[PDB]
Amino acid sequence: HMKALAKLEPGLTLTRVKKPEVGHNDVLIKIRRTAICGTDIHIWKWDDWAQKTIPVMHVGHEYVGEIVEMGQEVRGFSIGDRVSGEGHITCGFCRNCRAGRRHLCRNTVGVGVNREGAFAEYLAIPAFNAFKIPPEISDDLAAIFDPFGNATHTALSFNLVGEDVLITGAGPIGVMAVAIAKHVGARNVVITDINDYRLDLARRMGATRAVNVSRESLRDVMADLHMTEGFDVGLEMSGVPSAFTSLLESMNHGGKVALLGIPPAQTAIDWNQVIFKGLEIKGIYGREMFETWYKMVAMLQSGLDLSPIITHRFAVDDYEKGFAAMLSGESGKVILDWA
């Protein structure tokens, strides 16, 4: 049996459950660190989709661990390799899985959502959903590779060299996009939100301005920076309609927009912004490919500093405090330690 954080009955209980089975193509991962994700607080809340999807089962899916066992068909891994992995495990043999487009596999299950999650001592997943972490990258950073991949997918969508970048949303992914943008040559990087704590973190991660748009005018900020013509690149991270609206209004002619945050169903936009300015809008799908993760590793190996994004660390026994910190909204990523 193994210790785990489960939805036994809101909240999560520190339960105890049997270890997972290892198929012919599975790796067995002994978990070292797990981050608390935005999906996780929905489960903790026993909220909308939480009451509709969780089997009731331990949750979680942002993790790093060391391989302790593998099936007899697993290729390319040693016992002892440190790995992180994706949030959704796929079939691995369909045409789409075989070509790396596992976001297209017709049989995806969510780790910690549809099946056993990473909030347990041991995690079994298919080898093709695992990603080896090199020893120069810490466990805490490895544990957030999945949201880092979304930030990278969004922020590297366009060339940023000497470009002015607007980011709407200072959640963890938006804050990582700030640091990426400066790393890859952006000029002005302006991020907006309504949370002073999250924006202060963004400033510490290199934002030119971190603008609380309920306290300060984005237009004023642009005039302060001598860029009244508008931004070259906009990364929409929040999914909030007013943020999207303000981002489109703030783009210059020929501006490029990456859409990561998911708008509500009846979101109307001013398509005159898109057409008259010739904007390019690119949807950033949720489940990035491992080619993104290889660029992630390379950036970390080049001195990209993501460390400020980790604001709280707790032992797994003290998981209650980690969800509290996440809930306040005054946190970056929160790490649970399983040592």
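In case it trips you up, residue 1 is the first one in the sequence shown, and so on.
In the deposited entry, the stretch joining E320 to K321 is continuous, with no residue of the deposited sequence left without coordinates. Unmodelled residues of the deposited sequence between neighbouring positions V56 and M57 number 1 to 3. Look at the C-alpha B-factors of 114-122 and of 245-253. On average they run higher in 114-122. Of the two segments, 164-172 and 227-235, the one listed with the higher mean B-factor is 227-235 (C-alpha atoms only).
Comparing C-alpha B-factors across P134, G87, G76, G185 in the deposited entry, the largest value falls on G87.
The maximum CA B-factor among the listed residues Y63, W293, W44, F276, taken from the PDB record, is found at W44.
The PDB entry assigns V83 a C-alpha temperature factor belonging to the lowest third of its chain's modelled residues.
For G100, the recorded CA temperature factor ranks within the highest third of the chain's modelled residues. Looking at the C-alpha B-factors along this chain, the one for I144 belongs to the lowest third. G286: CA B factor lies in the highest third for its chain, per the PDB record. Ranked against the other modelled residues of its chain, the C-alpha B-factor of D48 as given in the entry falls in the highest third.
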